[PDB]
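Asker: One line per chain: the protein sequences are A and B, in this order.
All residue numbers for the first sequence refer to the working numbering, where the first residue is 8 and numbers rise by one.
All residue numbers for the second sequence refer to the working numbering, where the first residue is 497 and numbers rise by one.
Okay, here's the structure, questions in a sec.
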Amino acid sequence: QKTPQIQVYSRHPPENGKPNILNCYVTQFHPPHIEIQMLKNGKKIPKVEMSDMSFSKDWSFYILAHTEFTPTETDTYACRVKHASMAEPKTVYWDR
Amino acid sequence: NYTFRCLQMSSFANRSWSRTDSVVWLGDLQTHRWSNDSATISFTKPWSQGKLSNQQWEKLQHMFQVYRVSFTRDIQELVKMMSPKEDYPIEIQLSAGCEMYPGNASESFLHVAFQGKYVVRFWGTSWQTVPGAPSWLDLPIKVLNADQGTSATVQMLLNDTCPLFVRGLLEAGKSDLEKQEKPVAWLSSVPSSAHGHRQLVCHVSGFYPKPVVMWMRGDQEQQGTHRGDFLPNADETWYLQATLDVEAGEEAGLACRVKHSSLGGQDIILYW
Ligand SMILES: CCCCCCCCCCCCCCCCCCCCCCCCCC(=O)N[C@@H](CO[C@H]1O[C@H](CO)[C@H](O)[C@H](O)[C@H]1O)[C@H](O)[C@H](O)CCCC(=O)NCCCCCCc1ccccc1
Ligand SMILES: *[C@@H]1O[C@H](CO)[C@@H](O[C@@H]2O[C@H](CO)[C@@H](O)[C@H](O)[C@H]2NC(C)=O)[C@H](O)[C@H]1NC(C)=O
Ligand SMILES: *[C@@H]1O[C@H](CO)[C@@H](O)[C@H](O)[C@H]1NC(C)=O
Ligand SMILES: *[C@@H]1O[C@H](CO)[C@@H](O)[C@H](O)[C@H]1NC(C)=O
Ligand code: NA
Ligand code: NA
């Protein structure tokens, strides 16, 4: 078993009130079965697109999740991952 | 100078449940997807058939269709006899393809992992376990090595078909493979794990190809620049950030400079 690493980042420079894309890149996990959710103010974003599952030279799996979003001053965004390596779901917050 | 890789991911949860999913990459662009749910291999590029004809592609696909079913059955047959030495859940990964070199050369490979660990390869004319692989694999590998039709086919696929196919992709996929997308950069800051510091972040996104970032004070490179990993965007461009943990007030005079093939001598420089 390998524990997923999670990184959250925007496609474009964030400006409040401008449409953008938020990416949640999940890496270094094994086995490949995994659940990834993107959250807005603590609630699941319904339409999140998922790349195909793939793997690295080292055999660990990776996958990209992304969703359309328009940041504001007060909205918080996160990516939450459930996986058999972790008793608890891991949540990573988008910075600023 | 590219690496072509076909990646297969197979999961066996029990006697009744299995799935096998594949993806194919030419360097860092995806060319194919082959889902468990689909009969046929899907192209993820206009040029994914390379320079093979429809007939050649059909034959190649047929061989892989036969293979996927034969593979699933052989593995489950092997899980019935091995029980309870090794049992479910079982993960198998294959990574097969070739590396294309300066004009002439090409080398092919076929590697297999079991439960996340490299255990088998095809090499020359036969399947081999790697040193340190579990010894119960020796008999299945012998059985597999007795199948000379499989060995001949795999030899043809690695020696011939793989470099042939990739030459065609390189030609037919020229403008995507040699595309140039420009980085857009921006600066931010986040709390530092060190007291009395802030972490300055230079973000670089939308660039293609991969090669690309330094914090600067005038002409002086800041050796504290911590470059992160290359992270994919969803539109086949790349994202990278470079951080710098800075004392308060030491912040003034800092710039982030970015160099990329697509900017043609004209670096981006942002000032904090
Ligand atoms: C590779 C690069 C190709 C060029 C690129 C082309 C790109 C096009 C797009 C590609 C998209 C592809 C996605 C797939 C990626 C994976 C590629 C792997 C490809 C390698 C597999 C090709 C096998 C074809 C032959 C074959 O089918 N052999 C069968 C059938 O056998 C009968 O029929 C044939 C011809 O019809 C002959 O009549 C034979 O005599 C006859 O017995 C055999 O039952 C064989 O057993 C299948 C399984 C072989 C195999 O996996 N072995 C892997 C090693 C075993 C696993 C090791 C680890 C392990 C773990 C747990 C338990 C045990 C072992
Ligand atoms: C595919 O290529 C391999 C070379 O990678 C060939 O295997 C070699 O064959 C020679 C001459 O017959 C043997 O003496 C070598 O020992 C083999 N090399 C290795 C590393 O094992 C193989 O014959 C080729 N197959 C086809 C159909 O062309
Ligand atoms: C087999 O595995 C699948 C997927 O984990 C599960 O939903 C199913 O109930 C299992 N079936 C048996 C017979 O164990
Ligand atoms: C994967 O495909 C096989 C063959 O079509 C099918 O029978 C099997 O049920 C599929 N597995 C899952 C989990 O959907
Ligand atoms: Na598949
Ligand atoms: Na594996």
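Just so it is clear, CB atoms sit at the ideal spot from N, CA and C, and this is done for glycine as well.
#1: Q651(B) and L590(B) - do their beta-carbons sit closer together than 8 Å?
#2: Report the three-state DSSP secondary structure of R663(B) (helix, strand or coil).
#3: Give me the chain A residues within the contact set of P585(B), using Cβ-Cβ distance strictly less than 8 Å, ordered along the chain.
#4: Taking all protein chains shown into account, decide if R713(B) is buried (16 or more other Cβ within 10 angstroms of its Cβ) or exposed.
#5: To the nearest angstrom, how far is the alpha carbon of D731(B) from that of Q737(B)?
#6: Report the neighbours of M505(B) on chain A: residues whose CB is nearer than 9 Å to its CB, in chain order.
#7: At the level of alpha carbons, what is the spacing between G669(B) and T527(B)?
#8: How many Å lie between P705(B) and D643(B) at the Cα?
#9: Helix, strand or coil, according to DSSP, for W734(B) in the structure here?
#10: Could you please give the first and the last residue of the uninterrupted beta strand (DSSP E) stretch that includes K613(B)?
#11: Between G620(B) and ligand 2, is the CB less than 7 Å from at least one heavy atom?
#12: Given that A730(B) touches chain A, what residues does it touch there, using C-beta distances under 8 Å?
#13: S512(B) touches chain A at which residues, Cβ-Cβ below 9 Å?
#14: Near ligand 4, which residues have their beta-carbon less than 5 Å from any of its heavy atoms, given in chain order?
#15: Measure the alpha-carbon distance for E667(B) versus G546(B) and round it to whole angstroms.
#16: Pick helix, strand or coil for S647(B), following the three-state DSSP scheme.
#17: Any beta carbon from chain A within less than 8 Å of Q676(B)'s own beta carbon?
#18: State yes or no: is the C-beta of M45(A) nearer than 7 Å to some heavy atom of ligand 2?
#19: Can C658(B) and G724(B) be called in contact, C-beta distance under 8 Å?
#20: For the alpha helix (DSSP H) that contains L673(B), what are its first and last residues?
#21: If you follow the alpha helix (DSSP H) that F560(B) is part of, which residue opens it and which one closes it?
#22: Contact check, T733(B) vs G761(B) under 8 Å by CB: the rounded distance?
#23: Let's test the definition: count the other Cβ atoms within 10 Å of the Cβ of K576(B) and tell me whether it reaches 16, buried, or not, exposed.
#24: Quick one: which chain A residues come within Cβ less than 7 Å of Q589(B)?
#25: Nearest chain A C-beta to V742(B) closer than 8 Å, yes or no?
#26: Per DSSP, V697(B) forms a beta bridge with which residues?
#27: Report the partner residues of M712(B) according to the DSSP bridge assignment.
#28: Counting contacts by CB-CB distance shorter than 8 Å, is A609(B) in contact with chain A?
#29: In the DSSP assignment, the beta strand (DSSP E) including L71(A) goes from what residue to what residue?
#30: Could you name the residues that DSSP lists as bridge partners for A609(B)?
#31: For ligand 1, is there a heavy atom less than 7 Å away from the beta-carbon of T739(B)?
#32: Is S58(A) near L46(A), with beta carbons less than 8 Å apart?
#33: Closest to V519(B) by CA distance: which of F500(B), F508(B), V680(B) and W513(B) is it?
#34: Taking 8 Å as the CB-CB limit, is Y498(B) close to chain A?
Answerer: So, from the data block:
#1: no
#2: helix
#3: Near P585(B) (Cβ distances below 8 Å), the residues of chain A are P38.
#4: exposed
#5: 18 Å
#6: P39, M60, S61, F62 and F68
#7: Roughly 10 Å separates the two Cα atoms.
#8: 43 Å
#9: DSSP places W734(B) in strand when its eight states are reduced to three.
#10: Counted as a single uninterrupted DSSP element, the beta strand (DSSP E) harbouring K613(B) occupies residues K613 to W619.
#11: yes
#12: Within chain A, the residues whose beta carbon sits less than 8 Å from that of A730(B) are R18, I28, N30, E56, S58, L71 and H73, listed in sequence order.
#13: Residues of chain A passing the Cβ test: none, with the nearest at roughly 16 Å.
#14: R515(B) and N532(B)
#15: Going from the Cα of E667(B) to the Cα of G546(B) covers about 8 Å.
#16: helix
#17: When Cβ-Cβ separations below 8 Å define contact, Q676(B) makes no contact with chain A.
#18: no
#19: no
#20: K670 to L673
#21: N550 to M578
#22: About 21 Å; that fails the 8 Å criterion.
#23: exposed
#24: Residues of chain A passing the Cβ test: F62 and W66.
#25: no
#26: For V697(B), which the question treats as bridged, DSSP gives the partners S684(B) and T739(B).
#27: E717(B) and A751(B)
#28: yes
#29: That run of the beta strand (DSSP E) goes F68 to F76.
#30: Assignment of beta-bridge partners to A609(B) by DSSP yields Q589(B) and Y614(B).
#31: no
#32: no
#33: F500(B)
#34: no
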